[PDB]
């Protein structure tokens, strides 16, 4: 009969869960009377966040979701599409990528989703998102892969399968029902839309996620080598023929420098396209990123640009 996504959706929905968060946050004591004609400017306030997650490990009962949903939580509950409810405890979170991991207490008869290798994605691929944009429940929508933050190096998937005025729900799945990414919120504190959706790709979700299980957090790889700004003592001494950039004096730490095929003298000025002005420009950009990252540095020395792997 008629083509439909219902068939695969019925095999995927059991892996998608609903998350009810109850948390408290420190807030300013309201100053009054309230005068709506004035530009003005501590107590605990209870809040209720809500969102979606995907079951990533059925035996352990690990569930990936968004940090903007589970942040400051005090009690978190989970409901499977069948109706069953469980308690869950937090296991790790990451404000930068807006990814967080939770663990179901007493997991039983759970179905984990199969994760696809995101490195295989291509722009015109079809995608469907599964989330909760208005708090009314699990809503599913479809579209295609609009942009790839690499294939088309610390990527991001842009998809037109994203709901207007809604909160970046949960799962981004392909036609075979496999997880290709988790939809996130770029404008964090505000689960919100920019007009198109962004998602961490599944491989990154997997990497980010194994780290939270192993360390309670994702280890930041802030790692240059030990260099000296351009125009300084040991820096100016050399080339300076096509100057303007971030100089690199040493490389011995052997931190993806004896691996980056980088040695003394170099002068990096790129990090996936954006020109690396200063030297600290580098120290910062390359340090706020998640271990295992694959960023690329356009290096100067008359031909040189390799890809790094954090750690």
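Numbering follows the first chain given and starts at 1.
Trainee: Counting only residues of the deposited sequence, how many between residue 152 and residue 153 have no atoms in the entry (none, 1 to 3, 4 to 9, 10 or more)?
Mentor: 4 to 9 residues are missing.
Trainee: Mind giving me a quick count class for deposited residues absent from the model between residue 33 and residue 34? Options are none, 1 to 3, 4 to 9, 10 or more.
Mentor: Unresolved stretch here: none.
Trainee: Taking the recorded C-alpha temperature factors, which stretch has the higher mean, 156-164 or 119-127?
Mentor: Looking at the record's C-alpha B-factors, the answer is 156-164.
Trainee: I need to verify one thing: averaged over C-alpha atoms only, is the B-factor higher for 72-80 or for 217-225?
Mentor: 217-225 has the higher mean C-alpha B-factor.
Trainee: I'd like to know which of 67, 45, 278, 37 has the highest C-alpha temperature factor in the PDB entry.
Mentor: Answer, based on the entry's C-alpha B-factors: 278.
Trainee: Highest Cα B-factor in the deposition, which of 58, 49, 54, 246?
Mentor: The C-alpha B-factor peaks, among 58, 49, 54, 246, at 246.
Trainee: For residue 5, return the chain-relative third of its C-alpha B-factor as stated in the PDB record: lowest, middle or highest.
Mentor: It falls in the bottom third of the chain.
Trainee: Could you look up the Cα B-factor of residue 27 in the entry and say which third of the chain it sits in: lowest, middle or highest?
Mentor: As the PDB entry reports it, the C-alpha B-factor of residue 27 lands in the middle third of its chain.
Trainee: Mind checking which third residue 210 falls in for C-alpha B-factor across the chain?
Mentor: It falls in the middle third of the chain.
Trainee: Looking at the entry's B-factor column for C-alpha atoms only, identify whether residue 138 ranks in the lowest, middle or highest third of its chain.
Mentor: Its C-alpha B-factor, which the entry lists for residue 138, ranks in the middle third among residues of this chain.
Trainee: Going by the entry, which third of its chain does the Cα temperature factor of residue 288 land in?
Mentor: For residue 288, whose C-alpha B-factor we compare with every modelled residue in the chain, the answer is the highest third.
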